[PDB]
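Working notes, beginning with the structure itself.
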Amino acid sequence: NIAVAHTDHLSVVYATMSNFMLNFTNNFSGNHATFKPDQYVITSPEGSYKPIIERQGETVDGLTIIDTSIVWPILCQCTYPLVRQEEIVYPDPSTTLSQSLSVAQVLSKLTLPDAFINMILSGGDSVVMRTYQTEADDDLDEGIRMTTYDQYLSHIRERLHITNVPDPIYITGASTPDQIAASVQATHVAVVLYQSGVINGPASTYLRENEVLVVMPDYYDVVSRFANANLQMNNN
Amino acid sequence: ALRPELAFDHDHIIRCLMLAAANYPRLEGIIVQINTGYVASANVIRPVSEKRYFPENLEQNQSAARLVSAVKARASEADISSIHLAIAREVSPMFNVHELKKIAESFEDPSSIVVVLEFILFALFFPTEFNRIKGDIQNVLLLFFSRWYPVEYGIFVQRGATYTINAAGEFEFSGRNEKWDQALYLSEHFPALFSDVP
Amino acid sequence: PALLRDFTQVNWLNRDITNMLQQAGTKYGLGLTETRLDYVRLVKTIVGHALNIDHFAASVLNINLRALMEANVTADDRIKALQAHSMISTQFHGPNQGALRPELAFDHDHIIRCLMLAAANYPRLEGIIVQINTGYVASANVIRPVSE
Amino acid sequence: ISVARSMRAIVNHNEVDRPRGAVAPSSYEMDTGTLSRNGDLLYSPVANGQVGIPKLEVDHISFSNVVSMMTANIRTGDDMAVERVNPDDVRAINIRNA
Amino acid sequence: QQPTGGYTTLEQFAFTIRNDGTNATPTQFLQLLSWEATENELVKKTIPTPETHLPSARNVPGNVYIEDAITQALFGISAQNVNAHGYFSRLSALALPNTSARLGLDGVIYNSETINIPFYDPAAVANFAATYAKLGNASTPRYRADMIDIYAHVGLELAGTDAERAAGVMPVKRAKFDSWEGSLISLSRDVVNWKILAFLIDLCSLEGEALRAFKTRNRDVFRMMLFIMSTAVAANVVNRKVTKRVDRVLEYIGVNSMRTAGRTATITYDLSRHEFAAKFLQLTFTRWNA
Amino acid sequence: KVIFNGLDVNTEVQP
Amino acid sequence: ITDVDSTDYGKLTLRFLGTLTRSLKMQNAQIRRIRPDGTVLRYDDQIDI
Amino acid sequence: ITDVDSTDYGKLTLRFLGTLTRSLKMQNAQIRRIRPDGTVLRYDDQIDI
Amino acid sequence: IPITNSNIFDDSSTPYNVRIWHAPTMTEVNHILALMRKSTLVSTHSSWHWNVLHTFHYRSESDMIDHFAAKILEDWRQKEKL
């Protein structure tokens with residue numbers, strides 16, 4: 001008796017609804033096996049980790065819990081609009097769209113301070129920097145620059161992942177001016193990561209020739225790392 | 001015509017809205033209220049309260065009342081509120097992993113198919129919504145099976161009571177038969193019943 | 001004495017304290033020193049605060065909280081208790097909250113052992129151990145006296 | 001005598017820096033080391049001796065030391081409510097065989 | 001980050017224990033412990049190769065404390081039902097091809113490296129966490145460890161002369177050493193401290209010349225470790241008064257008796273913790289023998 | 001009997 | 001000051017428990033999508049927006 | 001000295017239990033299985049809890 | 001599975017009874033009987049019928065002896081043959 005109005009009439013209101021401004025995401029795909037929602041984690045290099053769809057028991061709002069007993073009043077005792085022979089009505093695509101809109105301005109503005117401040121905190125787009133004076137003469141911002149691994153992680157690293165270009169190279173005792181060149185020839189960002197004894201030989205010189213800030217774990221003995229075979233480097 | 005409004009950044013908002021849901025418990029409700037309001041708006045399902053259950057005569061019969069009873073308690077009262085909301089969640093975002101208002105049954109009295117039926121009727125009626133909770137339920141059903149199918153829910157639970165999808169779809173069937181707390185709805189496990197595999 | 005370095009007239013003592021702290025070893029501290037915070041519902045559980053209290057009263061405080069925390073038992077398993085306690089096959093649902101309601105446990109080994117002795121002295125004890133059941137039984141209402 | 005006397009003469013003589021014999025608190029009545037994983041607060045290390053000599057192993061009192069206290073989110077002794085369902089039937093309720 | 005070269009052969013990962021006065025290396029401490037050989041005997045079997053299937057990482061936002069847990073549970077001191085809400089398996093998230101989650105160097109699991117916090121080279125953690133994921137599923141009925149039998153080995157390894165350990169057989173010798181007022185429990189609290197992890201990650205990830213070479217150098221640091229543990233499950237532990245000292249005695253070393261009610265001179269073993277040390281011993285052991 | 005979400009909660013358990 | 005009355009923002013609510021409030025620091029976020037094992041995937045073009 | 005008035009309910013068992021001292025030495029107390037007629041068996045690891 | 005006695009003419013109890021342990025994989029049992037060093041008197045045979053680990057439970061300390069005795073003795077009975 002019910003499918004007459006139910007499949008034919010409830011179905012449409014549902015489809016029209018599948019397109020509502022806000023009801024975003026994805027709910028299914030008709031397949032019970034296999035379909036698993038897509039997960040979203042707000043991850044941050046600075047150690048933030050708050051996933052979007054987390055499971056946390058019944059909330060105060062009152063939605064979390066699903067209750068199947070609702071099937072009966074719908075199935076047995078609930079009169080319909082097009083079942084007993086009223087004239088199907090139609091929502092005014094206005095109230096409910098202006099409304100979806102109503103929430104969006106209200107909603108985006110609200111995350112406005114919360115999002116605004118963290119940025120003040122992030123200290124957006126800018127790596128610290130210690131420039132080490134090489135070749136006694138030439139002074140200030142005329143040597144080798146290198147920044148702490150944490151700075152590199154945070155600000156400069158996430159960007160690298162997006163461009164695709166293969167992650168940086170490793171300042172190693174062996175690597176010649178060629179390896180550094182080839183790596184920057186790829187990532188094309190001019191940053192080299194250090195994690196191998198002395199830098200020694202040229203290349204370190206090539207570094208004077210090129211920004212190629214070299215990133216390295218915490219500062220100290222950062223002159224005992226390089227092989228300033230002519231005293232200029234100096235942890236100070 | 002070219003209205004003089006600003007714009008409607010599809011990206012800023014898909015993501016801007018993203019931060020809000022991620023860290024703002026209340027958004028699920030704000031949204032499910034539009035559809036819920038909208039559905040009540042389309043006058044899609046008016047609700048009556050002149051209670052109509054069983055073929056009436058059943059309520060009156062001596063023997064049936066045992067069943068007149070299970071269904072009577074299982075079934076509730078048409079809340080004007082619950083029915084739209086019930087429909088609204090069919091299509092609206094999911095932000096908490098719905099839990100199944102655990103229905104504790106024993107399945108040991110033929111009149112009790114009433115409950116297995118609640119689900120079939122329910123899954124059919126709002127399946128996308130039902131999908132979230134296939135686990136709490138797969139959870140209820142094997143019990144029904146342990147009851148009405150000993151021989152078959154012998155090999156079935158054993159084949160594995162939960163499975164996963166291998167890099168090549170081949171379902172990897174776990175050999176255990178642990179329960180299924182929603183706690184792993186977001187993991188890589190699927191309740192096993194619904195594997196729909198022979 | 002430390003919360004008063006370069007902060008007290010008395011020059012000597014101050015000089016040494018300001019110096020005493022200079023040692024490679026000793027290093028004073030104060031307030032919120034380390035936090036671990038439940039998984040699942042990402043809020044912050046037990047905070048380790050370096051408040052200055054003796055060293056003894058303090059260490060023992062950890063004896064209780066530490067044990068409380070060690071016993072991975074929560075307030076959820078509790079339903080298991082009244083679980084056995086009620087018309088064998090009753091049903092207890094939810095709500096269950098992870099490690100946001102840790103509960104000591106239930107020292108099983110102490111009681112029968114402590115309890116054995118309890119009854120050994122006051123033998124009148126059986127009067128109660130039975131008192132309760134009688135109350136429970138008349139309560140489940142399984143037999144009502146009458147003049148029929 | 002005087003064993004509880006850990007600090008003596010808090011005044012400053014004018015001539016001679018250290019007044020005639022004055023104690024001045026030992027580097028313990030303020031060493032607030034860490035808090036072992038096991039829960040035994042132990043004095044700050046000593047150039048990598050790692051283990052800080054558990055505060056309770058030696059015999060020096062030590063005002064100040066980490067205390068792990070539980071926050072506002074871990075109320076305990078909470079009277080928690082549950083829904084109990086009395087199995088319907090009775091005649092059904094099985095007792096025997098496991 | 002940070003390479004290795006050997007790992008446990010590095011400054012901050014030094015295992016000491018403190019005995020009597022200053023804190024000394026366990027190698028030296030062991031040499032301060034003798035045996036009583038009972039008119040018994042115990043042959044060693046052959047640990048069954050661990051069940052391949054590593055548990056399921058399971059979704060769980062939040063770095064979870066691994067080193068502290070693994071150890072709090074083994075030479076715990078009061079850890080109750082360890083395999084409930086037990087995360088040990090969350091330690092399988094690390095073992096993978098190119099996962100992000102790194103094993104913090106404080107014994108925490110993070111998901112994605114973070115602002116100023118070391119962590120073992122994801123190169124080797126991928127070999128350690130590779131096997132110990134297993135340690136996760138010790139409560140799964142069909143995977144549970146050997147147990148009672150697995151102790152034949154903890155023991156000849158802990159005691160037994162270079163000679164007994166070669167022919168399998170060896171009396172069940174009872175350990176006595178010079179105690180010092182509640183020494184075993186304290187020896188233990190001190191151990192809960194070691195950065196175990198740093199050890200294991202090295203235990204299984206060193207090729208050969210290097211690995212065997214270290215296995216030998218570190219047998220001493222390791223044995224002290226089984227010992228603090230074997231006592232957890234040992235018949236009676238009694239204290240012997242002598243002339244002036246107290247020669248403490250462990251009655252039967254390497255004969256898990258299943259003792260489970262809180263003792264005092266040691267660390268109890270709730271039955272769950274018990275199956276776990278069971279599980280821990282099997283993987284780590286099957287592994288020690290390349 | 002009635003449509004309600006969440007636990008029907010009817011007992012209080014004593015620590 | 002903005003006039004957008006904020007409540008239960010950033011917090012939680014779940015009846016039964018309290019209304020324990022998460023943190024809010026966040027620095028820079030990436031709405032990266034997490035592999036099932038709950039651990040951040042490296043943003044891929046042909047799978048995520 | 002240890003003033004600890006226990007429960008409105010905890011009190012009845014005591015009024016009822018009739019505490020009235022508790023003789024028994026208890027210098028050392030060991031619970032033990034006492035095979036019928038003195039002896040007081042040891043603690044046969046295999047039978048007693 | 002309570003276990004009767006031969007001679008249908010003796011309603012006089014049953015010495016003990018066999019318990020069937022739902023322990024599938026070898027590892028599972030390993031541990032079933034491992035914990036079994038609890039509960040008063042149980043005992044088991046070396047191998048197993050239906051190959052489903054089951055154990056005996058003695059109603060009494062001594063009744064335990066009627067069984068062993070009958071059985072240990074049977075052993076030298078077949079062992080002489082081997």
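Chain labels A, B, ... are given in the sequence in which chains occur in the structure tokens; within each chain residues are numbered consecutively from 1, and ligands are likewise numbered from 1 in the order shown.
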Using only C-alpha atoms, what table do you get, as CSV, when you list each residue of range 4-78 of chain D with an atom no more than 12 Å from range 64-85 of chain E, its nearest pair of atoms, and their distance in Å rounded to one decimal, rows by chain then rising number?
residue,atom,partner,partner_atom,distance
D:36,CA,E:68,CA,10.4
D:37,CA,E:68,CA,6.8
D:38,CA,E:72,CA,7.2
D:39,CA,E:77,CA,10.1
D:40,CA,E:77,CA,11.5
Just C-alpha atoms for this one: save the residues we selected as a PDB file, in the first residue's frame.
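Result went into selection15.pdb, see below:
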ATOM      1  CA  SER D  36      60.573   7.834  37.008  1.00  0.00           C
ATOM      2  CA  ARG D  37      58.296   5.977  34.626  1.00  0.00           C
ATOM      3  CA  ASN D  38      57.593   3.644  37.534  1.00  0.00           C
ATOM      4  CA  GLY D  39      56.498   6.530  39.724  1.00  0.00           C
ATOM      5  CA  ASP D  40      59.531   6.841  42.000  1.00  0.00           C
TER       6      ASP D  40
END
Least-squares superposed chain H, target chain G, every Cα, as a PDB file with C-alpha atoms, in the first residue's frame:
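The result, stored in result39.pdb:
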ATOM      1  CA  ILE H   1      37.350  37.760  24.900  1.00  0.00           C
ATOM      2  CA  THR H   2      35.064  37.070  21.979  1.00  0.00           C
ATOM      3  CA  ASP H   3      31.958  36.817  24.108  1.00  0.00           C
ATOM      4  CA  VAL H   4      29.528  34.762  22.033  1.00  0.00           C
ATOM      5  CA  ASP H   5      27.124  32.752  24.203  1.00  0.00           C
ATOM      6  CA  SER H   6      25.721  30.421  21.527  1.00  0.00           C
ATOM      7  CA  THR H   7      22.191  28.976  21.661  1.00  0.00           C
ATOM      8  CA  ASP H   8      20.426  27.511  24.641  1.00  0.00           C
ATOM      9  CA  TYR H   9      21.015  24.317  22.488  1.00  0.00           C
ATOM     10  CA  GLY H  10      24.475  25.111  21.175  1.00  0.00           C
ATOM     11  CA  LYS H  11      25.545  25.069  24.853  1.00  0.00           C
ATOM     12  CA  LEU H  12      24.690  21.394  25.560  1.00  0.00           C
ATOM     13  CA  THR H  13      27.030  19.916  23.032  1.00  0.00           C
ATOM     14  CA  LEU H  14      29.884  21.827  24.767  1.00  0.00           C
ATOM     15  CA  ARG H  15      28.860  20.882  28.281  1.00  0.00           C
ATOM     16  CA  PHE H  16      28.497  17.418  26.743  1.00  0.00           C
ATOM     17  CA  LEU H  17      31.353  17.427  24.226  1.00  0.00           C
ATOM     18  CA  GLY H  18      33.468  18.218  27.253  1.00  0.00           C
ATOM     19  CA  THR H  19      35.686  20.646  25.307  1.00  0.00           C
ATOM     20  CA  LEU H  20      38.463  20.389  27.919  1.00  0.00           C
ATOM     21  CA  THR H  21      41.211  21.908  25.749  1.00  0.00           C
ATOM     22  CA  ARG H  22      42.344  20.510  22.395  1.00  0.00           C
ATOM     23  CA  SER H  23      46.025  19.472  22.568  1.00  0.00           C
ATOM     24  CA  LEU H  24      47.135  18.675  18.969  1.00  0.00           C
ATOM     25  CA  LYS H  25      49.693  21.232  17.731  1.00  0.00           C
ATOM     26  CA  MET H  26      47.994  22.169  14.487  1.00  0.00           C
ATOM     27  CA  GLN H  27      50.917  24.521  13.449  1.00  0.00           C
ATOM     28  CA  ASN H  28      50.051  23.391  10.070  1.00  0.00           C
ATOM     29  CA  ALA H  29      47.368  20.820   9.750  1.00  0.00           C
ATOM     30  CA  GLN H  30      46.679  19.053   6.593  1.00  0.00           C
ATOM     31  CA  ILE H  31      44.105  16.368   6.401  1.00  0.00           C
ATOM     32  CA  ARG H  32      45.676  13.327   4.776  1.00  0.00           C
ATOM     33  CA  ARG H  33      44.961   9.731   3.862  1.00  0.00           C
ATOM     34  CA  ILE H  34      47.352   7.652   5.989  1.00  0.00           C
ATOM     35  CA  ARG H  35      47.971   4.249   4.364  1.00  0.00           C
ATOM     36  CA  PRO H  36      47.960   1.611   7.225  1.00  0.00           C
ATOM     37  CA  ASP H  37      51.243   1.894   9.158  1.00  0.00           C
ATOM     38  CA  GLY H  38      52.580   5.459   9.239  1.00  0.00           C
ATOM     39  CA  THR H  39      53.855   6.913   5.953  1.00  0.00           C
ATOM     40  CA  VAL H  40      51.006   9.439   5.727  1.00  0.00           C
ATOM     41  CA  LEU H  41      50.469   9.404   1.951  1.00  0.00           C
ATOM     42  CA  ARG H  42      50.655  12.554  -0.189  1.00  0.00           C
ATOM     43  CA  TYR H  43      47.508  14.071  -1.614  1.00  0.00           C
ATOM     44  CA  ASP H  44      46.884  11.846  -4.640  1.00  0.00           C
ATOM     45  CA  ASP H  45      44.722  14.288  -6.591  1.00  0.00           C
ATOM     46  CA  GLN H  46      42.779  11.247  -7.842  1.00  0.00           C
ATOM     47  CA  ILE H  47      41.563   9.740  -4.600  1.00  0.00           C
ATOM     48  CA  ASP H  48      41.260  12.222  -1.741  1.00  0.00           C
ATOM     49  CA  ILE H  49      38.492  14.879  -1.819  1.00  0.00           C
TER      50      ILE H  49
END
Report the closest atom pair, with its distance in Å rounded to one decimal, for each residue of range 39-98 of chain B that has an atom no farther than 12 Å from range 1-10 of chain F; count only C-alpha atoms, sort by chain and then rising residue number, and write it as a tab-separated table.
residue	atom	partner	partner_atom	distance
B:51	CA	F:1	CA	11.8
B:69	CA	F:1	CA	10.7
B:70	CA	F:1	CA	10.5
B:71	CA	F:1	CA	9.6
B:72	CA	F:1	CA	7.1
B:73	CA	F:1	CA	5.2
B:74	CA	F:1	CA	6.6
B:75	CA	F:1	CA	5.9
B:76	CA	F:1	CA	3.9
B:77	CA	F:2	CA	5.0
B:78	CA	F:3	CA	7.7
B:79	CA	F:3	CA	6.9
B:80	CA	F:3	CA	10.3
B:81	CA	F:3	CA	9.5
B:82	CA	F:3	CA	7.0
B:83	CA	F:3	CA	9.3
B:85	CA	F:5	CA	11.1
B:86	CA	F:3	CA	10.4
B:98	CA	F:6	CA	10.8
Inset, instruction - Residues of chain D no more than 10 Å from chain G, counting only C-alpha atoms: send them over as a VMD selection string. - result: chain D and resid 72 to 75 78 80 to 82
Expected file contents, prior selection, N, CA and C atoms, as a JSON list (two decimals), in the first residue's frame:
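Output file result-v7.json follows:
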[["chain", "number", "residue", "atom", "x", "y", "z"],
["D", 72, "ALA", "N", 40.86, 17.70, 35.57],
["D", 72, "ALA", "CA", 39.44, 17.87, 35.78],
["D", 72, "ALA", "C", 38.64, 16.89, 34.94],
["D", 73, "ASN", "N", 39.30, 16.24, 33.99],
["D", 73, "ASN", "CA", 38.60, 15.29, 33.13],
["D", 73, "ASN", "C", 38.52, 13.86, 33.62],
["D", 74, "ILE", "N", 39.02, 13.54, 34.82],
["D", 74, "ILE", "CA", 38.99, 12.14, 35.23],
["D", 74, "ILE", "C", 38.19, 11.85, 36.47],
["D", 75, "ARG", "N", 37.11, 12.59, 36.70],
["D", 75, "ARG", "CA", 36.29, 12.35, 37.88],
["D", 75, "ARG", "C", 36.25, 10.85, 38.16],
["D", 78, "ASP", "N", 32.59, 8.19, 40.30],
["D", 78, "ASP", "CA", 31.39, 8.66, 39.63],
["D", 78, "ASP", "C", 30.33, 7.56, 39.72],
["D", 80, "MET", "N", 27.87, 5.99, 37.97],
["D", 80, "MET", "CA", 27.51, 5.85, 36.56],
["D", 80, "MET", "C", 26.33, 4.88, 36.42],
["D", 81, "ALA", "N", 25.36, 5.44, 35.67],
["D", 81, "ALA", "CA", 24.05, 4.92, 35.26],
["D", 81, "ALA", "C", 24.13, 4.04, 34.04],
["D", 82, "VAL", "N", 23.35, 2.97, 34.08],
["D", 82, "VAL", "CA", 23.35, 2.02, 32.96],
["D", 82, "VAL", "C", 21.88, 1.56, 32.77]]
Legend entry - Selection near range 140-147 of chain A, 12 Å with only C-alpha atoms, sequence-local residues under 3 positions removed, as an NGL selection string: :A and (126-137 or 150-156 or 171 or 190-194 or 203-220 or 222-223 or 225-226 or 228 or 232-234)
Could you write out the selected residues, including N, CA and C atoms, as a compact mmCIF listing (two decimals), in the first residue's frame?
# COMPACT_ATOMS: atom_id res chain seq x y z
N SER A 126 58.23 31.46 6.55
CA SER A 126 59.51 32.06 6.92
C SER A 126 60.29 31.17 7.93
N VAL A 127 61.43 30.67 7.43
CA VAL A 127 62.38 29.82 8.14
C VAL A 127 63.41 30.70 8.85
N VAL A 128 63.79 30.36 10.09
CA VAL A 128 64.78 31.19 10.80
C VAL A 128 66.03 31.14 9.94
N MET A 129 67.17 31.42 10.55
CA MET A 129 68.40 31.39 9.79
C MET A 129 69.62 31.95 10.51
N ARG A 130 70.70 31.20 10.40
CA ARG A 130 71.98 31.52 10.99
C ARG A 130 72.92 31.48 9.80
N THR A 131 73.61 32.58 9.51
CA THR A 131 74.49 32.54 8.39
C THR A 131 75.89 32.51 8.97
N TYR A 132 76.61 31.53 8.48
CA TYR A 132 77.95 31.37 8.93
C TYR A 132 78.88 31.92 7.87
N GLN A 133 79.75 32.76 8.47
CA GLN A 133 80.80 33.54 7.85
C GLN A 133 81.95 32.71 7.48
N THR A 134 82.11 32.71 6.17
CA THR A 134 83.11 31.91 5.48
C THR A 134 84.01 32.87 4.72
N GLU A 135 85.30 32.58 4.68
CA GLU A 135 86.27 33.44 3.99
C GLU A 135 86.33 34.78 4.73
N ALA A 136 86.86 34.74 5.95
CA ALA A 136 87.02 35.91 6.84
C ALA A 136 86.50 37.26 6.34
N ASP A 137 87.05 37.74 5.22
CA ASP A 137 86.66 39.02 4.64
C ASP A 137 85.14 39.25 4.53
N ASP A 150 63.57 21.40 12.86
CA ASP A 150 62.17 21.67 13.19
C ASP A 150 61.58 22.78 12.32
N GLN A 151 62.37 23.82 12.08
CA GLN A 151 61.92 24.93 11.26
C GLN A 151 61.62 24.41 9.86
N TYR A 152 62.55 23.58 9.36
CA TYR A 152 62.46 22.99 8.03
C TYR A 152 61.25 22.11 7.94
N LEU A 153 61.04 21.32 8.99
CA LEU A 153 59.90 20.46 8.95
C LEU A 153 58.77 21.43 8.81
N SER A 154 58.27 21.94 9.93
CA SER A 154 57.17 22.87 9.91
C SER A 154 57.01 23.59 8.52
N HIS A 155 57.46 24.83 8.45
CA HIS A 155 57.32 25.63 7.24
C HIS A 155 57.74 25.25 5.85
N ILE A 156 58.94 24.73 5.67
CA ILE A 156 59.31 24.40 4.32
C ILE A 156 58.97 23.01 3.78
N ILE A 171 73.23 16.08 2.64
CA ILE A 171 74.62 16.50 2.76
C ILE A 171 75.37 15.39 3.47
N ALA A 190 66.57 24.43 -3.86
CA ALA A 190 67.90 24.78 -3.32
C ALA A 190 68.20 24.50 -1.88
N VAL A 191 67.51 23.53 -1.30
CA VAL A 191 67.66 23.14 0.10
C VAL A 191 68.32 21.77 0.22
N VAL A 192 69.33 21.61 1.08
CA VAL A 192 69.92 20.27 1.11
C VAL A 192 69.86 19.92 2.64
N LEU A 193 69.52 18.66 2.91
CA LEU A 193 69.41 18.15 4.27
C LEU A 193 70.72 17.44 4.54
N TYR A 194 71.29 17.74 5.72
CA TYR A 194 72.56 17.24 6.28
C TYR A 194 72.43 16.11 7.36
N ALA A 203 82.14 21.78 -2.54
CA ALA A 203 80.71 21.60 -2.34
C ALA A 203 80.28 22.52 -1.22
N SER A 204 80.98 22.39 -0.10
CA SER A 204 80.68 23.21 1.05
C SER A 204 80.92 24.59 0.43
N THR A 205 81.96 24.69 -0.40
CA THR A 205 82.30 25.94 -1.10
C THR A 205 81.22 26.26 -2.12
N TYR A 206 80.71 25.21 -2.76
CA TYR A 206 79.66 25.32 -3.77
C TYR A 206 78.51 25.97 -3.06
N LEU A 207 78.34 25.60 -1.79
CA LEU A 207 77.28 26.15 -0.98
C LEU A 207 77.49 27.66 -0.84
N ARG A 208 78.72 28.14 -0.73
CA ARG A 208 78.87 29.59 -0.62
C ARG A 208 78.38 30.18 -1.92
N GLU A 209 78.72 29.49 -3.00
CA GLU A 209 78.34 29.89 -4.34
C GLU A 209 76.80 29.90 -4.47
N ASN A 210 76.12 28.96 -3.80
CA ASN A 210 74.64 28.87 -3.85
C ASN A 210 73.90 28.97 -2.52
N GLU A 211 72.71 29.56 -2.52
CA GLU A 211 72.07 29.65 -1.22
C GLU A 211 72.12 28.26 -0.58
N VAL A 212 71.33 27.35 -1.11
CA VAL A 212 71.28 25.97 -0.63
C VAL A 212 71.39 25.84 0.89
N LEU A 213 70.48 26.51 1.54
CA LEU A 213 70.55 26.47 2.92
C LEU A 213 70.47 25.03 3.21
N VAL A 214 71.30 24.68 4.16
CA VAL A 214 71.37 23.35 4.59
C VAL A 214 70.80 23.38 5.91
N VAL A 215 69.86 22.46 6.08
CA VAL A 215 69.07 22.21 7.27
C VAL A 215 69.71 21.22 8.15
N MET A 216 69.73 21.41 9.44
CA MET A 216 70.37 20.34 10.13
C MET A 216 69.84 20.28 11.53
N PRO A 217 69.94 19.15 12.13
CA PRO A 217 69.46 19.07 13.51
C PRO A 217 70.17 20.09 14.40
N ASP A 218 69.48 20.54 15.45
CA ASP A 218 69.97 21.52 16.43
C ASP A 218 71.42 22.02 16.31
N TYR A 219 71.59 23.33 16.46
CA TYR A 219 72.91 23.97 16.36
C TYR A 219 73.85 23.72 17.53
N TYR A 220 75.13 23.64 17.19
CA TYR A 220 76.27 23.44 18.11
C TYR A 220 77.33 22.62 17.38
N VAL A 222 78.50 23.28 14.93
CA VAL A 222 78.13 23.45 13.52
C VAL A 222 79.28 23.97 12.66
N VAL A 223 80.49 23.90 13.20
CA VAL A 223 81.68 24.32 12.49
C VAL A 223 82.58 23.10 12.51
N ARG A 225 81.29 20.43 11.99
CA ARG A 225 80.61 19.67 10.95
C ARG A 225 81.32 19.98 9.64
N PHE A 226 81.36 21.26 9.28
CA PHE A 226 82.02 21.66 8.05
C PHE A 226 83.50 21.50 8.24
N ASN A 228 86.11 23.71 7.40
CA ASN A 228 86.69 24.99 7.01
C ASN A 228 88.21 24.87 7.06
N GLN A 232 87.55 30.09 9.31
CA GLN A 232 86.68 31.22 9.00
C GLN A 232 85.41 30.83 9.72
N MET A 233 84.99 29.59 9.47
CA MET A 233 83.81 29.05 10.12
C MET A 233 84.19 29.17 11.57
N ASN A 234 83.19 29.30 12.43
CA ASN A 234 83.44 29.45 13.85
C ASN A 234 82.10 29.56 14.54
Inset, instruction - Identify every residue of chain C that has at least one atom within 10 Å of any atom of chain G, counting only C-alpha atoms, and report the result as a count of residues only. - result: 10
Inset, instruction - Can you pull out every residue within 12 Å of residue 12 in chain A, counting only C-alpha atoms, but drop anything in the same chain fewer than 4 positions away, and send it as a ChimeraX atom specification? - result: /A:5-8,16-19,88,90 /B:39,42,44
Taking N, CA, C and O atoms for each residue, export the selection above as a CSV table (one decimal), in the first residue's frame.
chain,number,residue,atom,x,y,z
A,5,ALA,N,3.3,5.7,-2.6
A,5,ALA,CA,3.7,7.0,-2.4
A,5,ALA,C,5.1,7.1,-2.0
A,5,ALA,O,5.8,8.2,-2.1
A,6,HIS,N,5.6,6.1,-1.3
A,6,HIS,CA,6.9,6.0,-0.7
A,6,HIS,C,8.0,5.9,-1.7
A,6,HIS,O,9.0,6.7,-1.6
A,7,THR,N,8.0,5.0,-2.7
A,7,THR,CA,9.1,5.0,-3.6
A,7,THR,C,9.0,6.1,-4.6
A,7,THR,O,9.9,6.8,-4.9
A,8,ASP,N,7.7,6.3,-5.1
A,8,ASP,CA,7.4,7.4,-6.1
A,8,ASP,C,7.5,8.8,-5.5
A,8,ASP,O,8.0,9.7,-6.2
A,16,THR,N,16.4,15.3,-4.6
A,16,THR,CA,16.5,16.7,-4.7
A,16,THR,C,17.4,17.1,-3.5
A,16,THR,O,18.3,17.9,-3.6
A,17,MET,N,17.2,16.3,-2.4
A,17,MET,CA,18.0,16.5,-1.2
A,17,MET,C,19.4,16.1,-1.3
A,17,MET,O,20.3,16.6,-0.6
A,18,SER,N,19.7,15.1,-2.2
A,18,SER,CA,21.1,14.6,-2.4
A,18,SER,C,21.9,15.8,-2.8
A,18,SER,O,23.2,15.8,-2.6
A,19,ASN,N,21.3,16.8,-3.4
A,19,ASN,CA,22.0,18.0,-3.9
A,19,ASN,C,21.9,19.2,-3.1
A,19,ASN,O,22.2,20.3,-3.5
A,88,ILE,N,0.3,17.4,-3.7
A,88,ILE,CA,1.7,17.5,-3.3
A,88,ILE,C,2.1,18.9,-3.3
A,88,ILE,O,1.9,19.7,-4.2
A,90,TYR,N,5.3,21.9,-2.7
A,90,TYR,CA,6.7,21.9,-3.1
A,90,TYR,C,7.5,23.0,-2.4
A,90,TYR,O,7.1,24.1,-2.3
B,39,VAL,N,12.3,18.6,5.1
B,39,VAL,CA,11.5,17.4,4.9
B,39,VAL,C,10.1,17.7,5.5
B,39,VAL,O,9.1,17.4,4.9
B,42,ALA,N,8.2,19.8,2.9
B,42,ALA,CA,7.6,19.1,1.7
B,42,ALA,C,6.4,18.3,2.0
B,42,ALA,O,5.8,17.7,1.1
B,44,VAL,N,6.0,15.5,3.2
B,44,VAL,CA,6.2,14.2,2.6
B,44,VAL,C,5.6,13.0,3.4
B,44,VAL,O,5.4,12.0,2.8
Legend entry - Å distance separating CA of residue 195 in chain A from CA of residue 113 in chain E, one decimal place: 16.2 Å
Inset, instruction - Excluding residue 112 in chain B and any residue of its chain fewer than 2 positions from it, enumerate the residues within 10 Å of it, using only C-alpha atoms, and give them as an MDAnalysis selection string. - result: chainID B and resid 67 70:71 74 105:110 114:117 144
